[PDB]
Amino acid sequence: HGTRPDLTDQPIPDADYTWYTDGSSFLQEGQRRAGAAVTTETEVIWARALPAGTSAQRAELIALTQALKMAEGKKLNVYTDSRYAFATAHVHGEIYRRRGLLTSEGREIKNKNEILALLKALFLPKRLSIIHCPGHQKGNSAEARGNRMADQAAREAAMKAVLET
């Protein structure tokens, strides 16, 4: 009956997990490869290649949803460099849903299944903060390094999937 009331856009001090998520989509070998990743600053929690033709935005969505699922029952601070993802999570998703636009035949909305999955995932974490930071930062700050880590994780996930076959 609605979205998660306690969802916040700022870091919570006591969090169990501080993560970073990134999607990526490029054309490799005359084909669109995508990948998604959830990592800490120093280590990769989860990374996967995604079905061909997957957009960057959708990849972001999937990465985020994954972070949520893995964070179930715990306290999560998750950083995303995607304004699209951040917005969808905080605002657009719940509106689309409550409108009945997500389950309709209308393709005027993109990544409907991802959106639904995410809306469902938002309830898993005990306490949740989805924060947005500009990605690919020149800065040396922990969040910049986190973002770079995630980015590299996703891209590696895709490239690796391509050349293992």
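One rule holds for the numbers: they count along the sequence shown, beginning at 1.
- Of the two segments examined, 99 to 107 and 131 to 139, it is 131 to 139 that shows the higher average Cα temperature factor in the deposited entry.
- Higher mean CA B-factor, judged across 118 to 126 and 23 to 31 from the recorded values: 23 to 31.
- In the deposited entry, the Cα temperature factor of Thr42 sits in the top third of values across the chain's modelled residues.
- In this PDB entry, the Cα temperature factor of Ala157 sits in the bottom third of its chain's modelled residues, the lowest group.
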